[PDB]
Structure formats: structure tokens, C-alpha cells
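Heads up: the structure comes next, in C-alpha cells.
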Protein chains: 10
Amino acid sequence: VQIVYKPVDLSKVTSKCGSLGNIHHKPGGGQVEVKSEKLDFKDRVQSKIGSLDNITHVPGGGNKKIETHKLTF
Amino acid sequence: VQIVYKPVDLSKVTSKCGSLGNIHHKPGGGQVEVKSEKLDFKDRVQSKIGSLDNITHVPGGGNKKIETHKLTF
Amino acid sequence: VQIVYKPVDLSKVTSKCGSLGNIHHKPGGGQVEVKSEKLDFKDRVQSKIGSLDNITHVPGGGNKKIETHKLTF
Amino acid sequence: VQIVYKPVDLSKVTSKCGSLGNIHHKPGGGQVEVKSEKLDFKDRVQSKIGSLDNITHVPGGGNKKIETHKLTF
Amino acid sequence: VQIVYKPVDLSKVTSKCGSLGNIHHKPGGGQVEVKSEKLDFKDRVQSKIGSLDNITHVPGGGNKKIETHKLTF
Amino acid sequence: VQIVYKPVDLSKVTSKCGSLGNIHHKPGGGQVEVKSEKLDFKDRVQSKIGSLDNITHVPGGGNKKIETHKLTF
Amino acid sequence: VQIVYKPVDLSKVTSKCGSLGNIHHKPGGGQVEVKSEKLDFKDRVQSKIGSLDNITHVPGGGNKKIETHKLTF
Amino acid sequence: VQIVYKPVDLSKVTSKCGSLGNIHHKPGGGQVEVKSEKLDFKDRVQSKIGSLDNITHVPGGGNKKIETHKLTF
Amino acid sequence: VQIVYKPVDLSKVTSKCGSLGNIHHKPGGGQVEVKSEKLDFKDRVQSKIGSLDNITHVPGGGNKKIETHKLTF
Amino acid sequence: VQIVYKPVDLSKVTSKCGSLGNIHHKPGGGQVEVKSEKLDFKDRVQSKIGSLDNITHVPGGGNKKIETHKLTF
């Protein structure tokens with residue numbers, strides 16, 4: 001038996017921009033209240049219990065190239 | 001038996017823009033209240049229990065190229 | 001038996017930008033209150049119990065290239 | 001039996017930018033209060049119980065290239 | 001049996017920028033209060049119980065290249 | 001000529017209450033924007049140009065007794 | 001000519017209450033923006049140009065008795 | 001000519017209360033922005049240009065008795 | 001001509017209270033920004049240009065008795 | 001001509017209270033910014049240009065009795 005594996009790939013993921021400019025982000029923070037008692041997390045958990053977290057995530061240039069190469073015998 | 005595998009691919013994922021400009025984001029934060037007692041998470045969970053989280057996610061250039069290459073025998 | 005493995009890949013992940021500019025981020029911090037009693041975390045947990053954490057995450061140039069190369073016999 | 005393994009890869013992850021500029025980050029810190037009693041962490045936990053931690057994370061140039069190379073017999 | 005292992009990789013992770021500029025970070029520190037009684041950490045924990053820690057993390061040039069090379073027999 | 005003036009008045013303005021209780025006031029603040037150019041106030045003005053002002057005005061006991069006594073010759 | 005003036009008045013303005021209780025006031029502050037250029041106030045003005053001012057005005061006992069006594073010749 | 005003036009008045013302005021209790025006031029401060037150029041105040045002005053001022057004005061006992069006694073010849 | 005003036009007045013302005021209690025005032029300070037150029041105040045002005053000033057004004061006992069006694073010839 | 005003036009007044013302004021208690025005042029200071037150029041005050045002005053000044057003004061016993069006695073010929 002012979003296995004063969006030659007995954008080839010070219011790509012120019014381009015991101016041009018002249019000038020973003022005057023971005024603004026002016027929130028009035030509201031209010032949150034959680035009321036739990038118990039939980040039991042296990043085995044690859046992520047979570048958020050109450051969060052007033054505003055973001056400004058301005059990258060000049062945003063691109064993500066993902067290639068999950070896999071194989072099994 | 002012979003297996004063969006040559007996945008080829010070209011692509012220019014282009015993103016041109018002159019100027020984004022004067023973006024604005026002016027929220028008045030409202031209000032949240034959760035009332036639970038218990039939970040039991042397990043095995044690859046993600047979650048959000050209460051969240052007042054505003055976002056500005058302005059990338060000059062947004063593109064994601066994804067190729068899940070897989071194979072099995 | 002023969003196994004073969006030649007995953008080749010070229011890519012120019014480009015991120016051009018002239019000038020981001022005058023970004024602003026002017027939040028009025030709201031309010032949070034959590035009320036739990038107990039939890040029991042285990043085995044690869046991450047979490048956030050109450051968070052008023054604003055962000056400015058401005059990179060000139062944002063790109064992430066990810067390739068999970070794997071194989072099994 | 002023969003195993004073979006030649007994962008090749010070129011990539012120029014480029015990040016050009018002229019001038020970021022006058023970034024601003026003017027938060028009014030709100031308020032948080034957590035009220036727990038107990039927890040029992042174990043086995044690869046991370047967490048945050050109450051956090052008013054604002055960030056400015058401005059890198060000129062942001063890119064992360066990740067390749068988890070793996071194999072098993 | 002023969003095992004073979006030649007993971008090759010070139011990449012220029014580039015980060016050009018002309019001038020970041022006049023960054024500002026003017027927070028008004030809010031308030032936090034946590035009220036726990038007990039916990040029992042164990043086996044690779046990290047945590048944060050109450051934190052008002054603002055950050056300015058401006059690197060001219062931000063890039064991280066990560067390659068977890070692994071193999072097993 | 002004779003003028004006479006004897007305005008007499010009794011009154012018990014009563015306000016009994018046992019227990020008000022658990023009043024709540026949980027608003028999510030909306031948003032306002034005014035855009036004027038000019039005005040010219042004069043001679044006993046009061047006003048409000050833009051106001052997000054919530055109130056809780058709970059008096060145990062609310063009564064106002066008003067008697068404008070006047071006369072002229 | 002004779003003028004006479006005997007304005008008499010009794011009143012018990014009563015305000016009984018047992019127990020107000022657990023009042024709450026949990027607003028999420030919204031947002032305001034005014035944009036004027038000019039004004040010219042004069043002669044007994046009061047005003048408010050933009051105000052996010054929440055109130056809790058809980059008096060045990062609220063009563064105001066007003067008597068504008070006047071006369072003219 | 002004779003003028004006479006005997007304004008008499010009794011009043012017990014009563015304010016009883018047993019126990020106010022557990023008042024709370026938990027605002028999430030929003031946001032304001034005013035943009036004027038000029039004004040010209042004169043002759044008994046009061047004003048407020050932009051104000052995020054929360055209040056708790058809890059008096060045990062709130063009553064104001066006002067009597068503007070006046071006369072003219 | 002004869003003028004006469006005997007304004008008499010009794011009043012017990014009462015303010016009883018047993019126990020106020022556990023008052024709380026937990027604001028998350030928002031944000032303000034004013035932008036003027038000029039003004040010209042004159043002749044009995046008061047004002048406030050920008051103010052984030054929270055208050056707790058808890059008097060056990062709040063009452064104000066006001067009597068503007070006046071007369072003219 | 002005869003003028004007469006006998007303004008008499010009794011009043012017990014009472015303020016009883018048993019015990020105020022555990023008052024709290026936990027603000028998260030927000031943020032302010034004013035931007036003027038010029039002003040010209042004159043003739044009995046008071047003012048406030050920018051102020052983040054929180055208060056706790058708890059008197060056991062709050063009452064003010066005011067009587068502006070005046071007369072003119």
C-alpha cells in the first residue's frame with residue numbers, strides 16, 4: 001500500500017486601506033446583576049458570568065488564514 | 001493499493017478601500033438581570049451569562065480563508 | 001506500506017494601511033454585581049466572574065495564519 | 001513500514017502601516033461587586049473574579065503565525 | 001520500521017510602521033469589592049480575585065510565531 | 001370705610017401608612033441628542049435642554065397645603 | 001378708613017409611616033449630546049443643558065405648607 | 001387712616017417614621033457631551049451645562065414650611 | 001396715619017424617626033465632556049460647567065422653615 | 001405718621017432620630033473634560049468648571065430656619 005500527500009496552496013490575502021479615520025466609541029455603561037448559587041464545570045469549559053466590557057478592536061488589516069491539515073490510518 | 005492527494009489552490013482574496021471615515025458608536029447602556037441557581041457544564045462548553053459588552057470591530061481589511069483538509073483510511 | 005507527507009504552502013498575507021487616525025474610546029463605566037455561593041471547576045476551565053474591562057486593541061496590521069498539521073497511524 | 005514527513009511552508013506575513021495617530025482611551029470606571037462563598041479549582045484552571053482592568057494594546061504590527069505540527073504511531 | 005521527520009519552514013513575519021504617535025490612556029478608576037470565604041486551588045491554577053490594573057502595552061512591532069513540534073511512538 | 005379680614009381654617013391633613021415595602025427602579029438608560037443654535041431667554045425662565053435624569057421620590061407621607069392669602073385696596 | 005387683618009390658621013399636617021423598607025434604584029446610564037452655539041440669558045433664568053443626574057429623594061415624612069400672605073394699599 | 005396686621009398661625013407639621021431601612025442606589029454612569037460656543041448670562045442666572053451628579057437625599061423627616069409675609073402702602 | 005404690624009406664629013415642625021438603616025450609594029462614574037469657547041457672566045450668576053459630583057445627604061431630621069417678612073411705605 | 005413693627009414668632013423645630021446606621025458611599029469616579037477658551041466674570045459670580053467631588057453630608061439633625069426681616073420708608 002502507498003499513501004501520498006501533497007497539499008499545495010498559494011494565496012495572497014490582500015488588505016489595502018487608505019486611512020481609517022476618526023473612529024469613536026462613546027458608551028454609557030448600563031448595569032448587570034447575576035444571582036446564581038452553584039455550578040460544576042468540567043472538561044474544556046470557557047464562560048462569562050457578568051461582563052460589562054466594551055471593546056475597540058481596530059486593526060489596520062484584518063485577515064486570518066486557517067488550514068487544518070489532517071490525515072489518519 | 002495507491003492513494004493520491006494533490007489539492008492545489010490559488011486565490012487572491014482582495015480587500016481595497018479608500019477611507020473608512022468617521023465611524024461612531026454611541027450606546028446608552030441598558031440593564032440586565034439573570035437569576036439562576038445551578039448548572040453543570042461538561043465537555044467543550046462556552047457560554048455567556050449576562051453581558052453588556054459593546055464592540056467596535058473595525059478592521060481595514062476583513063477576510064478569512066479556511067480550508068479544512070482531511071482524509072482517512 | 002509507505003506513508004508520504006509533503007504539505008507545501010506559500011502565502012503572502014498582506015496588510016497595508018496608510019494612517020489609522022484619531023481613534024477614541026470614551027466609555028462611562030456602568031455597574032455589575034454577581035452573587036454566587038459555590039462552584040467546582042475542573043479539567044481545562046477558563047472563566048470570568050464579573051468584569052468591567054474595556055479594551056483598545058488597535059494593531060496596525062492584524063493577521064493570524066494557523067495550520068494545525070496532524071497525522072496518525 | 002516507512003513513514004515520511006516533509007511539511008514545507010513559506011509565507012511573508014506582512015504588516016505595513018504609515019502612522020497610527022492620536023489614539024485615545026478615556027474610560028470612566030464603573031463599579032463591580034462579587035459575593036461568593038466557596039469554590040474548588042483543579043486541573044488547569046484560569047479565572048477572573050472581579051476585574052476593572054482597562055487596556056490599550058496598540059502594537060504597530062500585529063500578526064501571529066501558529067503551526068501545531070504533530071504525529072503519532 | 002523507519003520513521004522520518006523533516007519539518008521545514010521559512011517565513012518573514014514583517015511588521016513595518018512609520019510612527020505610532022500620541023497615544024493616550026486616561027481612565028477614571030472605578031471600584032471593586034469581592035466577598036468570598038474559602039477556595040481550594042490545585043494542579044495548575046492561575047487566577048485573579050479583584051484587580052483594577054490598567055495597561056498600556058504599545059510595542060512598535062507585535063508578532064508571535066509558535067510551532068509546537070511533537071511526535072510519539 | 002371699614003375693611004375686615006378673618007380667614008380662619010382648621011385641617012388635619014393625615015397620611016398614615018403601614019409599610020411601603022420593596023420598591024424597585026431598574027431603568028435602561030436610552031439616548032438623547034439635541035441640536036440647537038441659539039436662544040434668548042428673559043424674564044423668569046426655567047428650562048431643560050436634554051436630560052436623562054431618573055428619579056425615586058419616595059416620601060413616607062406626601063402632602064402639601066397651600067393658601068395664597070391676598071387682598072388689595 | 002380702617003384696614004383689618006387677622007388671618008388665623010391651625011393645621012396638623014401629619015405624616016405617619018411604619019417602615020419604608022428596601023428601596024432600590026438601579027439605573028443603566030444612557031447617553032446625551034447637546035450641540036448649541038449661543039444663548040443670551042437675562043433676568044431670573046434657571047436652566048439645565050445636558051444632565052444625567054439620577055436621584056433618590058426618600059424622606060421619611062414629606063410635607064410642605066405654604067402661605068403667601070400679601071396685601072396692598 | 002389706620003392699617004392693622006395680625007397674621008396668626010399655629011401648625012404642628014408632623015413627620016413620624018419607624019425605620020427607613022436598606023435603601024440602595026446603584027447607577028451605571030452613562031455619558032454626556034455638550035458643544036456650545038458662547039453665551040452671555042446676566043441678572044440672576046443659575047445654570048448647569050453638563051452634569052452627571054447622582055444624589056441620595058434621605059432625610060428622616062422632610063418638611064418645609066414657608067410663609068412670605070408682605071405688605072405695601 | 002398709623003401702621004400696625006404684629007405677625008405672630010407658633011409651629012412645632014416635628015421630625016421623628018426610629019432608625020434610618022443601611023443606606024448604600026454605589027455609582028459607576030460615567031463620563032462628561034464640554035466644549036465651549038466663551039461666555040460673559042454678570043450680575044448674580046451661579047453655574048456648573050461639567051460636574052460628576054455624587055452626593056449622600058442623609059440628615060436624621062430635615063426641615064426648613066422660611067418666613068420672608070417684608071413691608072414698604 | 002406712626003410706624004409699628006412687632007413681628008413675634010415661636011417655633012420648636014424638632015429633629016429626633018434613634019440611630020442613623022451603616023451608611024455607605026462607594027462611587028467609581030468617572031471622567032470629565034472641559035475645553036473653553038475665555039470668559040469674563042463680573043459682579044457676584046460663583047461657578048464650577050469641572051468637578052468630580054463626591055460628598056457625604058450626614059448630620060444627625062438637619063434644619064435651617066430663615067427669616068428675612070425687612071422694611072422700608
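Naming scheme: A, B, ... for chains in displayed order of the C-alpha cells; residues 1 onward per chain; ligands 1 onward as shown.
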
Excluding range 33-43 of chain C and any residue of its chain fewer than 4 positions from it, enumerate the residues within 6 Å of it, using only C-alpha atoms, and give them as an MDAnalysis selection string.
(chainID A and resid 33:43) or (chainID D and resid 32:44)

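In this structure, the chain J residues at most 8 Å away from chain D are residues 27, 28, 29, 30 and 31 of chain J, with only C-alpha atoms considered.
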
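With only C-alpha atoms taken into account, the protein and nucleic acid residues at most 10 Å from residue 68 in chain E (excluding it and anything under 3 positions from it in its own chain) are residues 68 of chain C; 66, 67, 68, 69 and 70 of chain D; 71 of chain E.
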
Generate a file of the selected residues that holds C-alpha atoms, formatted as a tab-separated table (two decimals), in the first residue's frame.
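Contents of selection_34.tsv, as written:
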chain	number	residue	atom	x	y	z
C	68	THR	CA	-2.77	22.51	12.53
D	66	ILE	CA	0.80	29.22	14.57
D	67	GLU	CA	1.57	25.71	13.31
D	68	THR	CA	0.90	22.78	15.62
D	69	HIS	CA	2.95	20.06	13.96
D	70	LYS	CA	2.03	16.65	15.35
E	71	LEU	CA	5.75	13.22	17.80
